[PDB]
Each structure stands twice: as structure tokens, then as C-alpha cells.
């Protein structure tokens with residue numbers, strides 16, 4: 001029941017800058033049997049640090065581990081583009097071989113406000129008996145945004161789903177899509193459909209809307 | 001050098017069985033102890049099971065004790081995981097991993113994906129996201145199983161501006177997905193924008209023209 005807690009959950013730095021990742025243990029790893037692993041997108045992890053300060057064979061010199069007891073740290077001294085991955089800490093040698101939950105290092109850029117678009121459900125979908133309304137948040141940074149749906153200025157909840165792209169390779173922004181699910185009967189009852197977006201890059205929330213059948 | 005190669009992944013219904021294998025080369029197999037480590041979609045890593053060199057010590061996470069059986073055959077240099085009474089929560093990429101002499105997991109296999117769902121293979125329903133300086137139009141790729149799905153625009157002739165979002169799993173067991181692309185709004189009347197959606201597991205490929 002040992003819990004390794006990694007912090008922060010996400011770490012946002014520029015390339016060339018130093019990265020510091022932390023691993024706090026619920027109880028003391030007296031043996032210093034602590035490992036750090038790198039997992040690049042779409043790949044199996046690779047061992048980076050063992051014994052909490054020992055560099056694994058074939059690991060670049062900019063990776064380094066330190067700490068003892070309940071607190072361990074991984075330092076990446078100069079973030080290369082290949083270094084923007086997820087990192088796990090691990091205690092080995094004993095009962096559960098427990099892992100930390102992982103720290104993701106993403107690329108930091110200046111704030112970008114999303115371009116918002118709303119899409120009414122298509123006639124083909126309505127002919128099949130369902131109704132999906134889609135709001136798109138395009139090319140924004142940072143990743144945190146909030147999207148509220150209003151059907152005739154009535155706030156929805158529990159009937160929307162959202163998916164987020166991974167960080168774009170050319171401009172390091174994110175895109176987000178929100179899909180409101182209504183019964184076809186419900187969509188035909190109300191007139192005005194709006195999505196309201198709040199983001200760091202917006203001075204006040206931007207609202208894009210449409211009235212049904214227009 | 002030292003390679004670990006995994007073979008047994010696939011898609012199965014809950015309650016069933018599935019055997020994973022990890023063929024090892026480049027080292028003396030029967031001198032190291034081996035692990036299986038799994039990673040659920042979008043989630044962290046989780047130790048599953050451990051086996052010694054002899055074969056006389058097997059340990060299992062509580063998630064899988066009584067249902068999973070680790071085994072090894074050193075005469076063929078292979079590690080095995082027999083998975084029984086499978087549950088949806090078992091859906092993950094499964095890695096085999098070696099414990100170096102010093103203790104950590106020094107070598108990992110490439111990972112086989114294991115999906116446990118009661119759904120049947122199903123092609124998607126494709127609906128256009130019509131547009132109304134810059135404009136946006138897209139594709140709703142709805143109610144398919146299993147992953148993945150390939151979306152392309154104008155048969156790959158249109159790549160700049162395309163965002164294909166990761167699929168969300170719906171309550172039904174089927175996935176749903178959206179692909180969009182922004183374009184100069186001055187082209188909506190002249191340029192044709194055709195969604196191309198390919199779902200290899202169901203043997204369905206469809207094209208959907210997207211229009212105002």
C-alpha cells in the first residue's frame with residue numbers, strides 16, 4: 001500500500017530549459033531502490049535512473065537522479081525535443097513494485113486563444129433518430145479550457161463529451177471537440193443552441209450559436 | 001542485442017481466456033527474472049505478475065490473482081501469461097520486462113494490446129459537420145468497434161489544418177470520433193471536401209462529401 005506521488009502532474013517548459021520532476025513516497029524507500037523510466041509517445045518505457053542516482057547504460061548525460069528517504073528527483077538539464085514525454089518513478093526490489101502515476105513534460109509557448117465553431121446535427125443523423133451538436137476549440141494554449149452548452153439559454157450538464165488532441169507538432173497548441181447528445185425529439189423542441197467557451201486567451205467568454213432550421 | 005518480442009494480444013469478450021507470449025533473445029534467458037506490466041489506455045503503468053528463474057515463485061497483483069497465470073519455458077526462451085476470466089478493466093497494453101541483476105526493469109518488450117469488450121465488430125456511421133476569413137467543417141465518425149479508424153481528407157490530398165480527435169468510448173461499448181479541418185472560407189463554394197473513413201476490422205471504407 002505504498003503510494004509514490006509524482007509532482008507536478010504536468011510540467012510545461014521551453015526547449016533548452018532545465019526540468020525538475022519529483023517523486024514523494026508514502027513511506028521511506030530505505031534501500032533507495034528507486035527507478036525512473038521514460039516513455040516516449042507510442043513506445044514502451046526505457047530505464048533512465050536506478051538506485052536513485054545511477055545512470056543506466058546508454059542514457060544521455062543530461063538525465064540525473066537524486067534524493068533519498070521519501071523524496072526523489074529526476075533532473076533533465078537541457079530538454080531536447082525528444083525529451084518531451086511522460087516519466088514514471090518506481091520502487092523495485094520488493095512487494096508490489098509500485099509505480100508513480102507519471103509526470104508529462106510538454107512544450108511551453110505563449111497563450112493562444114481558441115477559434116470556436118459550432119456544428120448543427122446533420123440531416124442524415126436526424127433521419128437515423130439521433131442528434132449530436134458539436135463545438136470545436138481550435139489551436140489554443142494552454143490546454144485548460146471550459147465549454148458550456150446552452151439550449152435556449154438553459155445550461156446543460158452530464159450530456160456532453162470532450163476529446164483533446166495531443167500537442168501539435170508545428171505550433172504546440174491543442175484542439176478540443178465537444179459533442180452534446182440530445183434525443184431527436186428534444187432537438188426538435190428547442191430553437192437556440194450555443195456553446196460558451198472560457199479560456200485564458202479570451203478576455204470574456206466567446207459564444208458561438210445557431211438557431212435550429214436556419 | 002537483447003530483445004523481447006510479444007505476440008499474443010487481441011480483442012475478446014469478457015469472461016474468456018487469452019495467452020500472451022514473450023520470446024526473448026540476446027541473453028541467457030534462465031538467469032533473469034521476468035515481469036508482466038500493463039498500461040490502460042491513457043493511464044499509468046501497473047505491475048501485474050512476477051516469475052523467478054526456477055519457476056517456483058510466482059507473485060500476482062491483487063487485481064489479477066486467481067485469474068492470471070504466469071509461466072516460463074526456459075528451453076524455448078519464452079515467458080507466458082495465461083489470462084482467464086477476463087474483464088473489461090483488463091484492457092491494456094501488456095509488456096514483458098526483465099529485472100537486471102541490480103534490480104530495476106532494464107529491458108522491456110514492445111507491447112501487445114489486449115481489449116476486452118462484449119461488443120461485436122461494427123463499422124461506423126459517418127455524418128458531415130457542415131460549415132456556415134476562415135471556416136471549419138468536419139466528420140462525425142460514430143458508433144464503431146473496435147479501434148482504430150483512419151480518417152483522411154480528399155484522399156490524403158488535404159493535410160494542412162486537419163484535426164482528428166482521439167476516440168471517446170461511449171456507454172454502449174462503441175467508440176465515437178470527430179475529424180475536422182479549417183479552410184479559407186472563400187473556398188466553400190468552389191472546393192469539394194470529401195471525408196474518407198476506413199475501418200479495417202469491419203471491412204468498410206466510405207466517403208462523405210461535406211457541404212453547406
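Looking across the range A:183-212 at every residue that is touching a helix residue (DSSP H, G or I) at 6+ places or on another chain (Cβ under 9 Å) and within 14 Å of another protein chain (Cβ to nearest Cβ), the one that is nearest to residue A:109 (Cα to Cα) is identified as A:193. Condition test on residue B:165, is it within 30 Å of residue B:13 (Cβ to Cβ), touching a helix residue (DSSP H, G or I) at 6+ places or on another chain (Cβ under 6 Å) and within 14 Å of chain A (Cβ to nearest Cβ)? Taking the combined requirement at face value, the residue does not satisfy it. Considering only the range A:53-76, I want to know if a residue exists there that is over 29 Å from residue B:182 (Cβ atoms), within 11 Å of another protein chain (Cβ to nearest Cβ) and under 19 Å from the mean Cα position of the chain (by Cα). No.
Inside the range B:7-22, can you point out the residues that are assigned to a loop (DSSP other than H, G, I, E, B) and touching a strand residue (DSSP E or B) at 6+ places or on another chain (Cβ under 6 Å)? Show your work before the answer.
Here is the first cut: in the range B:7-22, the ones assigned to a loop (DSSP other than H, G, I, E, B) are B:7-9, B:13-17.
Hits for the range B:7-22 are B:7, B:8, B:9, B:14.
Within the range A:134-160, being surrounded by 15 or more Cβ atoms within 10 Å (Cβ to Cβ) and under 15 Å from residue B:168 (Cβ atoms) holds for A:134, A:135, A:136, A:147, A:160. Within the option set B:95, B:107, being within 29 Å of residue B:172 (Cα to Cα), in contact with a strand residue (DSSP E or B) (Cβ under 8 Å, 6 or more places away or on another chain) and part of a strand (DSSP E or B) holds for one residue only, B:95.
Every test in (1) away from every other protein chain (no Cβ under 11 Å); (2) more than 17 Å from residue A:164 (Cβ to Cβ) is passed by residue B:151 save one, and that test is (2). Within the range B:29-46, being assigned to a loop (DSSP other than H, G, I, E, B) and within 10 Å of chain A (Cβ to nearest Cβ) holds for B:43, B:44.
(1) facing chain A (nearest Cβ under 7 Å); (2) within 16 Å of residue B:10 (Cα to Cα); (3) surrounded by 21 or more Cβ atoms within 10 Å (Cβ to Cβ): which one isn't true of residue B:145, the others all being true? Among (1) facing chain A (nearest Cβ under 7 Å); (2) within 16 Å of residue B:10 (Cα to Cα); (3) surrounded by 21 or more Cβ atoms within 10 Å (Cβ to Cβ), the lone unmet condition for residue B:145 is (1).
Of all residues in the range A:99-132, those that are more than 30 Å from residue A:18 (Cβ to Cβ), in contact with a strand residue (DSSP E or B) (Cβ under 6 Å, 6 or more places away or on another chain) and facing chain B (nearest Cβ under 10 Å) total 11. Screening residue B:85 with (1) more than 14 Å from chain A (Cβ to nearest Cβ); (2) touching a helix residue (DSSP H, G or I) at 6+ places or on another chain (Cβ under 7 Å) gives one miss only, at (2).
Could you please find all residues in the range B:50-64 being within 12 Å of chain A (Cβ to nearest Cβ) and more than 16 Å from residue B:107 (Cα to Cα)?
Here is the first cut: in the range B:50-64, the residues within 12 Å of chain A (Cβ to nearest Cβ) are B:50, B:59-63.
Once the filter is applied, which keeps residues that are within 12 Å of chain A (Cβ to nearest Cβ) and more than 16 Å from residue B:107 (Cα to Cα), the range B:50-64 yields B:59, B:60, B:61, B:62, B:63.
Just checking: which of the strands (runs of 3 or more DSSP E) contained wholly in the range A:1-87 hold 3 or more residues that are exposed (fewer than 13 other Cβ atoms within 10 Å of the Cβ)? Give the derivation first.
Numbers: elements: A:4-7, A:10-13, A:19-29, A:34-39, A:46-50, A:63-76.
Output list reads A:19-29.
Conditions tested, residue by residue: (1) within 30 Å of residue A:15 (Cβ to Cβ); (2) in a strand (DSSP E or B).
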residue	(1), (2)
A:153	no, no
A:162	yes, yes
A:167	yes, no
A:176	yes, yes
A:181	no, yes
A:186	no, no
A:204	no, no
A:209	no, yes
A:213	no, no
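For the range B:65-82, which positions are within 14 Å of chain A (Cβ to nearest Cβ) and either within 18 Å of residue B:5 (Cβ to Cβ) or in contact with a helix residue (DSSP H, G or I) (Cβ under 9 Å, 6 or more places away or on another chain) (or both)? The one that is within 14 Å of chain A (Cβ to nearest Cβ) and either within 18 Å of residue B:5 (Cβ to Cβ) or in contact with a helix residue (DSSP H, G or I) (Cβ under 9 Å, 6 or more places away or on another chain) (or both): B:70.
Among residues that are part of a helix (DSSP H, G or I) and within 26 Å of residue A:42 (Cβ to Cβ), residue B:89 is included.
Positions of Cβ are backbone-derived with ideal geometry, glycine not excepted, and every protein chain shown enters the neighbour counts. No value in this document is a laboratory result; all are computed from the given coordinates.
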